>>> print(open('data-v5.cif').read())   # mmCIF, C-alpha atoms and all ligand atoms
data_my_file
loop_
_atom_site.group_PDB
_atom_site.id
_atom_site.type_symbol
_atom_site.label_atom_id
_atom_site.label_comp_id
_atom_site.auth_asym_id
_atom_site.auth_seq_id
_atom_site.Cartn_x
_atom_site.Cartn_y
_atom_site.Cartn_z
ATOM 1 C CA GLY A 1085 -92.119 -48.199 168.104
ATOM 2 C CA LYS A 1086 -92.905 -46.022 165.098
ATOM 3 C CA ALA A 1087 -93.487 -47.780 161.786
ATOM 4 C CA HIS A 1088 -90.974 -47.165 159.018
ATOM 5 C CA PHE A 1089 -91.929 -48.008 155.457
ATOM 6 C CA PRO A 1090 -89.712 -47.933 152.345
ATOM 7 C CA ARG A 1091 -90.060 -44.741 150.336
ATOM 8 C CA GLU A 1092 -89.583 -47.062 147.395
ATOM 9 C CA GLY A 1093 -88.612 -50.687 147.108
ATOM 10 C CA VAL A 1094 -89.059 -53.486 149.584
ATOM 11 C CA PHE A 1095 -87.559 -54.296 152.959
ATOM 12 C CA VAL A 1096 -85.778 -57.579 152.632
ATOM 13 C CA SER A 1097 -83.339 -59.735 154.433
ATOM 14 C CA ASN A 1098 -80.818 -62.568 154.552
ATOM 15 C CA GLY A 1099 -80.372 -64.725 157.751
ATOM 16 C CA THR A 1100 -78.925 -61.789 159.797
ATOM 17 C CA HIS A 1101 -79.576 -58.411 158.126
ATOM 18 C CA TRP A 1102 -82.245 -56.220 156.626
ATOM 19 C CA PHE A 1103 -81.727 -54.009 153.612
ATOM 20 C CA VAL A 1104 -84.013 -52.029 151.374
ATOM 21 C CA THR A 1105 -83.903 -52.414 147.649
ATOM 22 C CA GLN A 1106 -85.577 -51.504 144.355
ATOM 23 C CA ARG A 1107 -88.125 -54.134 143.368
ATOM 24 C CA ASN A 1108 -86.746 -55.074 139.980
ATOM 25 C CA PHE A 1109 -83.088 -55.485 140.846
ATOM 26 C CA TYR A 1110 -81.293 -56.611 143.928
ATOM 27 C CA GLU A 1111 -79.097 -53.846 145.131
ATOM 28 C CA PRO A 1112 -79.401 -53.732 148.946
ATOM 29 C CA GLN A 1113 -79.150 -50.434 150.721
ATOM 30 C CA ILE A 1114 -78.646 -49.702 154.341
ATOM 31 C CA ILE A 1115 -81.989 -48.871 155.820
ATOM 32 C CA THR A 1116 -81.771 -45.316 156.956
ATOM 33 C CA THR A 1117 -84.044 -42.445 157.742
ATOM 34 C CA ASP A 1118 -83.351 -41.162 154.226
ATOM 35 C CA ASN A 1119 -84.785 -44.346 152.741
ATOM 36 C CA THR A 1120 -87.934 -44.684 154.831
ATOM 37 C CA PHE A 1121 -91.005 -42.715 155.747
ATOM 38 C CA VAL A 1122 -92.869 -42.947 158.978
ATOM 39 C CA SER A 1123 -96.532 -43.402 159.445
ATOM 40 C CA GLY A 1124 -98.494 -44.910 162.258
ATOM 41 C CA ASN A 1125 -96.921 -47.484 164.503
ATOM 42 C CA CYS A 1126 -96.110 -51.139 165.366
ATOM 43 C CA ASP A 1127 -99.486 -51.730 166.961
ATOM 44 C CA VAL A 1128 -101.106 -51.605 163.541
ATOM 45 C CA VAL A 1129 -98.889 -52.992 160.834
ATOM 46 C CA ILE A 1130 -99.232 -56.720 160.436
ATOM 47 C CA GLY A 1131 -95.928 -58.449 159.852
ATOM 48 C CA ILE A 1132 -93.848 -55.523 161.064
ATOM 49 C CA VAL A 1133 -90.376 -56.512 162.333
ATOM 50 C CA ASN A 1134 -87.921 -55.157 165.023
ATOM 51 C CA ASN A 1135 -84.720 -53.469 163.616
ATOM 52 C CA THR A 1136 -82.674 -50.279 163.748
ATOM 53 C CA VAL A 1137 -83.111 -47.536 161.209
ATOM 54 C CA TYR A 1138 -79.897 -45.618 160.746
ATOM 55 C CA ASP A 1139 -79.757 -41.842 161.200
ATOM 56 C CA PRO A 1140 -76.708 -40.281 159.342
ATOM 57 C CA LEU A 1141 -77.065 -37.085 161.320
ATOM 58 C CA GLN A 1142 -76.193 -38.512 164.681
ATOM 59 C CA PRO A 1143 -72.385 -38.891 164.051
ATOM 60 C CA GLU A 1144 -72.260 -35.495 162.350
ATOM 61 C CA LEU A 1145 -73.624 -33.834 165.460
ATOM 62 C CA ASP A 1146 -70.985 -35.619 167.533
ATOM 63 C CA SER A 1147 -68.000 -35.145 165.071
ATOM 64 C CA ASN B 1134 -64.375 -34.045 138.689
ATOM 65 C CA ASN B 1135 -66.473 -31.229 140.372
ATOM 66 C CA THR B 1136 -67.960 -30.720 143.819
ATOM 67 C CA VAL B 1137 -71.175 -31.591 145.615
ATOM 68 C CA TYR B 1138 -72.511 -29.356 148.344
ATOM 69 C CA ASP B 1139 -73.651 -30.703 151.707
ATOM 70 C CA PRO B 1140 -76.040 -28.172 153.481
ATOM 71 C CA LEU B 1141 -75.370 -29.719 156.854
ATOM 72 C CA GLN B 1142 -71.785 -28.569 157.140
ATOM 73 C CA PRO B 1143 -72.469 -24.833 157.938
ATOM 74 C CA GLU B 1144 -75.309 -25.796 160.252
ATOM 75 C CA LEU B 1145 -72.936 -27.842 162.364
ATOM 76 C CA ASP B 1146 -70.551 -24.879 162.443
ATOM 77 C CA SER B 1147 -73.230 -22.115 163.048
ATOM 78 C CA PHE C 888 -95.391 -63.338 136.459
ATOM 79 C CA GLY C 889 -95.997 -62.222 132.901
ATOM 80 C CA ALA C 890 -92.727 -60.233 132.603
ATOM 81 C CA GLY C 891 -90.483 -63.267 132.191
ATOM 82 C CA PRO C 892 -89.629 -65.538 135.162
ATOM 83 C CA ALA C 893 -92.265 -65.287 137.840
ATOM 84 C CA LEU C 894 -91.402 -63.698 141.128
ATOM 85 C CA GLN C 895 -93.122 -64.629 144.343
ATOM 86 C CA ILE C 896 -94.623 -61.685 146.250
ATOM 87 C CA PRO C 897 -96.728 -61.887 149.492
ATOM 88 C CA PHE C 898 -100.210 -60.947 148.418
ATOM 89 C CA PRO C 899 -100.538 -57.830 150.689
ATOM 90 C CA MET C 900 -97.316 -56.503 149.184
ATOM 91 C CA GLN C 901 -98.672 -56.912 145.718
ATOM 92 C CA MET C 902 -101.515 -54.796 146.890
ATOM 93 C CA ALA C 903 -99.204 -52.240 148.437
ATOM 94 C CA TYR C 904 -97.597 -51.896 145.045
ATOM 95 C CA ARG C 905 -100.924 -51.563 143.264
ATOM 96 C CA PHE C 906 -102.105 -48.878 145.681
ATOM 97 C CA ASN C 907 -98.890 -46.912 145.394
ATOM 98 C CA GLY C 908 -99.425 -47.112 141.658
ATOM 99 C CA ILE C 909 -102.612 -45.046 141.899
ATOM 100 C CA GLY C 910 -101.293 -42.290 144.110
ATOM 101 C CA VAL C 911 -101.773 -43.498 147.655
ATOM 102 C CA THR C 912 -98.935 -44.036 150.075
ATOM 103 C CA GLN C 913 -98.096 -47.603 151.056
ATOM 104 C CA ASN C 914 -99.289 -47.219 154.570
ATOM 105 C CA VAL C 915 -102.929 -46.924 153.660
ATOM 106 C CA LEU C 916 -103.137 -50.593 152.983
ATOM 107 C CA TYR C 917 -101.798 -51.625 156.294
ATOM 108 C CA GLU C 918 -103.881 -49.213 158.326
ATOM 109 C CA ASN C 919 -106.922 -50.507 156.520
ATOM 110 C CA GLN C 920 -105.801 -54.021 155.665
ATOM 111 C CA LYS C 921 -108.819 -55.707 157.174
ATOM 112 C CA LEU C 922 -111.195 -53.121 155.851
ATOM 113 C CA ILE C 923 -109.893 -53.501 152.362
ATOM 114 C CA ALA C 924 -110.070 -57.269 152.452
ATOM 115 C CA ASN C 925 -113.614 -57.112 153.783
ATOM 116 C CA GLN C 926 -114.790 -54.678 151.148
ATOM 117 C CA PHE C 927 -113.193 -56.825 148.501
ATOM 118 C CA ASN C 928 -114.907 -59.937 149.717
ATOM 119 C CA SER C 929 -118.223 -58.179 149.845
ATOM 120 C CA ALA C 930 -117.862 -56.887 146.305
ATOM 121 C CA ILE C 931 -117.119 -60.304 144.917
ATOM 122 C CA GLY C 932 -120.141 -61.791 146.638
ATOM 123 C CA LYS C 933 -122.246 -58.999 145.166
ATOM 124 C CA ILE C 934 -121.115 -59.885 141.660
ATOM 125 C CA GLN C 935 -122.122 -63.486 142.025
ATOM 126 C CA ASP C 936 -125.514 -62.416 143.356
HETATM 127 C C1 LIG A 1201 -76.105 -60.567 155.112
HETATM 128 O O1 LIG A 1201 -75.438 -59.496 154.361
HETATM 129 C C2 LIG A 1201 -74.420 -58.757 155.163
HETATM 130 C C3 LIG A 1201 -73.926 -57.635 154.239
HETATM 131 O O2 LIG A 1201 -72.951 -58.059 153.287
HETATM 132 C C4 LIG A 1201 -73.285 -59.734 155.672
HETATM 133 O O3 LIG A 1201 -72.554 -59.068 156.740
HETATM 134 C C5 LIG A 1201 -71.211 -58.459 156.452
HETATM 135 O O4 LIG A 1201 -70.105 -59.394 156.650
HETATM 136 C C6 LIG A 1201 -68.756 -58.801 156.412
HETATM 137 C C7 LIG A 1201 -67.731 -59.920 156.618
HETATM 138 O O5 LIG A 1201 -67.792 -60.490 157.926
HETATM 139 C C8 LIG A 1201 -68.533 -57.582 157.385
HETATM 140 O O6 LIG A 1201 -67.273 -56.964 157.107
HETATM 141 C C9 LIG A 1201 -69.686 -56.535 157.166
HETATM 142 O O7 LIG A 1201 -69.517 -55.435 158.082
HETATM 143 C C10 LIG A 1201 -71.073 -57.222 157.431
HETATM 144 N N1 LIG A 1201 -72.209 -56.291 157.160
HETATM 145 C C11 LIG A 1201 -73.073 -55.861 158.097
HETATM 146 C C12 LIG A 1201 -74.203 -54.946 157.701
HETATM 147 O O8 LIG A 1201 -72.960 -56.205 159.287
HETATM 148 C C13 LIG A 1201 -73.955 -60.921 156.435
HETATM 149 O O9 LIG A 1201 -72.943 -61.879 156.810
HETATM 150 C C14 LIG A 1201 -75.016 -61.651 155.550
HETATM 151 N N2 LIG A 1201 -75.678 -62.678 156.384
HETATM 152 C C15 LIG A 1201 -75.915 -63.931 155.995
HETATM 153 C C16 LIG A 1201 -76.602 -64.863 156.945
HETATM 154 O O10 LIG A 1201 -75.588 -64.336 154.867
HETATM 155 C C1 LIG A 1202 -114.667 -45.842 155.551
HETATM 156 O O1 LIG A 1202 -115.904 -46.449 155.026
HETATM 157 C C2 LIG A 1202 -116.132 -47.835 155.516
HETATM 158 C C3 LIG A 1202 -117.351 -48.390 154.779
HETATM 159 O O2 LIG A 1202 -118.560 -47.714 155.114
HETATM 160 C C4 LIG A 1202 -116.256 -47.852 157.087
HETATM 161 O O3 LIG A 1202 -116.329 -49.241 157.525
HETATM 162 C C5 LIG A 1202 -117.629 -49.667 158.162
HETATM 163 O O4 LIG A 1202 -117.868 -48.994 159.441
HETATM 164 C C6 LIG A 1202 -119.157 -49.361 160.093
HETATM 165 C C7 LIG A 1202 -119.260 -48.534 161.377
HETATM 166 O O5 LIG A 1202 -119.502 -47.157 161.099
HETATM 167 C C8 LIG A 1202 -119.181 -50.911 160.363
HETATM 168 O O6 LIG A 1202 -120.442 -51.286 160.926
HETATM 169 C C9 LIG A 1202 -118.969 -51.667 159.004
HETATM 170 O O7 LIG A 1202 -118.959 -53.088 159.251
HETATM 171 C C10 LIG A 1202 -117.601 -51.239 158.360
HETATM 172 N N1 LIG A 1202 -117.432 -51.920 157.036
HETATM 173 C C11 LIG A 1202 -116.476 -52.844 156.796
HETATM 174 C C12 LIG A 1202 -116.359 -53.497 155.436
HETATM 175 O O8 LIG A 1202 -115.677 -53.169 157.690
HETATM 176 C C13 LIG A 1202 -114.944 -47.227 157.687
HETATM 177 O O9 LIG A 1202 -115.041 -47.168 159.123
HETATM 178 C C14 LIG A 1202 -114.734 -45.775 157.142
HETATM 179 N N2 LIG A 1202 -113.442 -45.229 157.640
HETATM 180 C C15 LIG A 1202 -113.241 -43.925 157.881
HETATM 181 C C16 LIG A 1202 -111.903 -43.457 158.369
HETATM 182 O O10 LIG A 1202 -114.143 -43.090 157.709
HETATM 183 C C1 LIG A 1203 -97.372 -65.940 157.917
HETATM 184 O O1 LIG A 1203 -97.949 -67.297 157.895
HETATM 185 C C2 LIG A 1203 -97.699 -68.076 159.143
HETATM 186 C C3 LIG A 1203 -98.269 -69.479 158.922
HETATM 187 O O2 LIG A 1203 -99.682 -69.482 158.721
HETATM 188 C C4 LIG A 1203 -98.337 -67.328 160.369
HETATM 189 O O3 LIG A 1203 -98.024 -68.029 161.577
HETATM 190 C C5 LIG A 1203 -97.746 -65.877 160.451
HETATM 191 O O4 LIG A 1203 -98.359 -65.170 161.548
HETATM 192 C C6 LIG A 1203 -98.034 -65.113 159.110
HETATM 193 N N1 LIG A 1203 -97.438 -63.748 159.153
HETATM 194 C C7 LIG A 1203 -98.020 -62.677 158.579
HETATM 195 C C8 LIG A 1203 -97.360 -61.333 158.657
HETATM 196 O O5 LIG A 1203 -99.106 -62.773 157.981
HETATM 197 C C1 LIG A 1204 -89.853 -55.211 169.738
HETATM 198 O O1 LIG A 1204 -89.312 -55.505 171.081
HETATM 199 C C2 LIG A 1204 -90.203 -55.091 172.207
HETATM 200 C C3 LIG A 1204 -89.456 -55.373 173.513
HETATM 201 O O2 LIG A 1204 -88.355 -54.484 173.688
HETATM 202 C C4 LIG A 1204 -91.568 -55.859 172.096
HETATM 203 O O3 LIG A 1204 -92.453 -55.436 173.136
HETATM 204 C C5 LIG A 1204 -92.212 -55.548 170.701
HETATM 205 O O4 LIG A 1204 -93.445 -56.284 170.576
HETATM 206 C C6 LIG A 1204 -91.237 -55.979 169.549
HETATM 207 N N1 LIG A 1204 -91.806 -55.572 168.233
HETATM 208 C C7 LIG A 1204 -91.716 -56.313 167.112
HETATM 209 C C8 LIG A 1204 -92.300 -55.809 165.827
HETATM 210 O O5 LIG A 1204 -91.151 -57.417 167.097
#
>>> encode(input="data-v5.cif", output="structure tokens", more="lines below")
Ligand SMILES: *[C@@H]1O[C@H](CO)[C@@H](O[C@@H]2O[C@H](CO)[C@@H](O)[C@H](O)[C@H]2NC(C)=O)[C@H](O)[C@H]1NC(C)=O
Ligand SMILES: *[C@@H]1O[C@H](CO)[C@@H](O[C@@H]2O[C@H](CO)[C@@H](O)[C@H](O)[C@H]2NC(C)=O)[C@H](O)[C@H]1NC(C)=O
Ligand SMILES: *[C@@H]1O[C@H](CO)[C@@H](O)[C@H](O)[C@H]1NC(C)=O
Ligand SMILES: *[C@@H]1O[C@H](CO)[C@@H](O)[C@H](O)[C@H]1NC(C)=O
Amino acid sequence: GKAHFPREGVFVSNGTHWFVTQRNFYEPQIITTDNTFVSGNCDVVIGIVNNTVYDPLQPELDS
Amino acid sequence: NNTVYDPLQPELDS
Amino acid sequence: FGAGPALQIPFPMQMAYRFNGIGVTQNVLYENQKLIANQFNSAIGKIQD
């Protein structure tokens, strides 16, 4: 429900998946908590979409 | 060939 | 559009870029998207007057 924005680049997608990439060259990254910043929420941003932001720490805590 | 340190490792162990 | 081939960008994202370019985080625009558009529209009307 929190709104994640790119730290840099743009959130883009193909027919099934969202990636974040630098504006001048397509090089899609997995959208993770290390790629986004959070500010405000989904009740405010117009055009916001529903997806999962990956947290690399979770599996490290479990492994 | 060298190494890169990951600060999380010792935190998981501590 | 003037760099070579033109690339389509949703207008509000062009603004997000422009705002980021002057030191303000690209969240300001969305929180204030309507405010910004309204101030803009007002300013243009003022110029014509
Ligand atoms: C959108 O891009 C993704 C990333 O390349 C494509 O999904 C991958 O497909 C391969 C082959 O089946 C899998 O091994 C990968 O694990 C998939 N990646 C992810 C993130 O799931 C996806 O097919 C593309 N979608 C469209 C509609 O073209
Ligand atoms: C930032 O300043 C603007 C401009 O004065 C404020 O927007 C106005 O707020 C009054 C109510 O106090 C409304 O009657 C006007 O119609 C608003 N103007 C426009 C163009 O919408 C805005 O609220 C201020 N924001 C903060 C956080 O202080
Ligand atoms: C994009 O435009 C369509 C068609 O006018 C509209 O239905 C949709 O809500 C718009 N989305 C955003 C984020 O502005
Ligand atoms: C995400 O899904 C929830 C339901 O689980 C819905 O209430 C919400 O409006 C959706 N948000 C977006 C941005 O699509």
>>> interface_residues(input="data-v5.cif", of="chain A", to="chain C", cutoff="8 Å", atoms="all atoms listed in the file", output="JSON, numbers by chain")
{"A": [1089, 1123, 1124, 1128, 1129, 1130]}
>>> axis_aligned_box(input="data-v5.cif", around="range 1135-1143 of chain A", padding_each_side="6 Å", output="AutoDock Vina command-line options")
--center_x -78.6 --center_y -45.3 --center_z 162.0 --size_x 24.3 --size_y 28.4 --size_z 17.3
>>> interface_residues(input="data-v5.cif", of="chain B", to="chain A", cutoff="10 Å", atoms="all atoms listed in the file", output="ChimeraX atom specification")
/B:1141-1142,1144-1146
>>> write_last_selection(input="data-v5.cif", atoms="C-alpha atoms", output="PDB file, in the frame of the given file")
ATOM      1  CA  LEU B1141     -75.370 -29.719 156.854  1.00  0.00           C
ATOM      2  CA  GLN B1142     -71.785 -28.569 157.140  1.00  0.00           C
ATOM      3  CA  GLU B1144     -75.309 -25.796 160.252  1.00  0.00           C
ATOM      4  CA  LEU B1145     -72.936 -27.842 162.364  1.00  0.00           C
ATOM      5  CA  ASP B1146     -70.551 -24.879 162.443  1.00  0.00           C
TER       6      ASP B1146
END
>>> atom_distance(input="data-v5.cif", atom1="CA of residue 1114 in chain A", atom2="CA of residue 1087 in chain A")
16.7 Å
>>> closest_atom_pairs(input="data-v5.cif", of="chain A", to="ligand LIG 1201 (chain A)", cutoff="6 Å", atoms="all atoms listed in the file", output="JSON lines")
{"residue": "A:1098", "atom": "CA", "partner": "A:LIG1201", "partner_atom": "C1", "distance": 5.2}
{"residue": "A:1099", "atom": "CA", "partner": "A:LIG1201", "partner_atom": "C16", "distance": 3.9}
{"residue": "A:1100", "atom": "CA", "partner": "A:LIG1201", "partner_atom": "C16", "distance": 4.8}
{"residue": "A:1101", "atom": "CA", "partner": "A:LIG1201", "partner_atom": "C1", "distance": 5.1}
>>> resolve_selection(input="data-v5.cif", expression="the PyMOL selection byres (((not hetatm)) within 9 of (chain A and resi 1202))", output="list in words")
residues 919, 921, 922, 923, 924, 925, 926, 927, 928 and 929 of chain C
>>> resolve_selection(input="data-v5.cif", expression="the PyMOL selection byres (((chain A and resi 1096) around 12) and not hetatm)", output="number ranges by chain")
A: 1089-1090, 1093-1095, 1097-1107, 1110-1115, 1132-1133, 1135; C: 896
>>> atom_distance(input="data-v5.cif", atom1="CA of residue 1135 in chain B", atom2="CA of residue 1138 in chain A")
28.3 Å
>>> decode(input="data-v5.cif", residues="range 1087-1106 of chain A", atoms="N, CA, C and O atoms", output="short mmCIF file (atom, residue, chain, number, x, y, z; two decimals), in the first residue's frame")
data_model
loop_
_atom_site.label_atom_id
_atom_site.label_comp_id
_atom_site.auth_asym_id
_atom_site.auth_seq_id
_atom_site.Cartn_x
_atom_site.Cartn_y
_atom_site.Cartn_z
N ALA A 1087 3.81 3.66 -1.52
CA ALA A 1087 4.23 3.97 -2.88
C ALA A 1087 5.74 3.98 -3.08
O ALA A 1087 6.47 4.79 -2.51
N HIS A 1088 6.19 3.10 -3.97
CA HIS A 1088 7.59 2.95 -4.32
C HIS A 1088 7.88 3.65 -5.62
O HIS A 1088 7.22 3.41 -6.63
N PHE A 1089 8.89 4.49 -5.62
CA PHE A 1089 9.29 5.25 -6.79
C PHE A 1089 10.68 4.82 -7.18
O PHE A 1089 11.41 4.35 -6.31
N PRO A 1090 11.12 4.93 -8.43
CA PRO A 1090 12.47 4.59 -8.81
C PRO A 1090 13.40 5.57 -8.14
O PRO A 1090 13.07 6.76 -8.09
N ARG A 1091 14.59 5.13 -7.73
CA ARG A 1091 15.57 6.08 -7.23
C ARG A 1091 16.10 6.86 -8.42
O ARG A 1091 16.41 8.04 -8.32
N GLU A 1092 16.17 6.16 -9.54
CA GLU A 1092 16.58 6.68 -10.83
C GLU A 1092 15.91 5.80 -11.87
O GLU A 1092 15.62 4.63 -11.61
N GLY A 1093 15.72 6.34 -13.05
CA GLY A 1093 15.13 5.57 -14.12
C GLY A 1093 13.62 5.61 -14.07
O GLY A 1093 13.02 6.47 -13.42
N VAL A 1094 13.02 4.72 -14.82
CA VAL A 1094 11.59 4.64 -14.98
C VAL A 1094 11.07 3.23 -14.78
O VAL A 1094 11.73 2.26 -15.16
N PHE A 1095 9.89 3.09 -14.17
CA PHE A 1095 9.31 1.76 -14.05
C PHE A 1095 8.58 1.46 -15.33
O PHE A 1095 7.66 2.18 -15.73
N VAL A 1096 9.00 0.38 -15.97
CA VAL A 1096 8.41 -0.02 -17.23
C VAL A 1096 8.06 -1.47 -17.31
O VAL A 1096 8.63 -2.30 -16.60
N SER A 1097 7.21 -1.81 -18.25
CA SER A 1097 6.89 -3.20 -18.42
C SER A 1097 6.54 -3.67 -19.83
O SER A 1097 6.18 -2.90 -20.73
N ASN A 1098 6.68 -5.00 -19.98
CA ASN A 1098 6.22 -5.80 -21.11
C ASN A 1098 4.85 -6.35 -20.69
O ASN A 1098 4.34 -6.00 -19.62
N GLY A 1099 4.23 -7.24 -21.49
CA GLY A 1099 2.89 -7.78 -21.20
C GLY A 1099 2.70 -8.50 -19.84
O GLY A 1099 1.56 -8.68 -19.41
N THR A 1100 3.79 -8.97 -19.21
CA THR A 1100 3.65 -9.66 -17.92
C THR A 1100 4.51 -9.12 -16.76
O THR A 1100 4.16 -9.30 -15.59
N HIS A 1101 5.62 -8.45 -17.05
CA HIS A 1101 6.50 -8.03 -15.95
C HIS A 1101 7.04 -6.61 -15.99
O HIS A 1101 7.37 -6.05 -17.04
N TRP A 1102 7.17 -6.08 -14.78
CA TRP A 1102 7.73 -4.77 -14.53
C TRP A 1102 9.17 -4.82 -14.08
O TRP A 1102 9.53 -5.62 -13.21
N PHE A 1103 9.94 -3.92 -14.66
CA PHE A 1103 11.36 -3.73 -14.45
C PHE A 1103 11.67 -2.26 -14.32
O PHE A 1103 10.89 -1.41 -14.74
N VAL A 1104 12.80 -1.93 -13.73
CA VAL A 1104 13.16 -0.52 -13.66
C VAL A 1104 14.42 -0.30 -14.46
O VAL A 1104 15.33 -1.12 -14.41
N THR A 1105 14.46 0.75 -15.26
CA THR A 1105 15.67 0.93 -16.04
C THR A 1105 16.08 2.39 -16.22
O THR A 1105 15.26 3.30 -16.10
N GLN A 1106 17.35 2.61 -16.53
CA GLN A 1106 17.88 3.94 -16.81
C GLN A 1106 17.17 4.51 -18.02
O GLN A 1106 16.98 3.84 -19.03
#
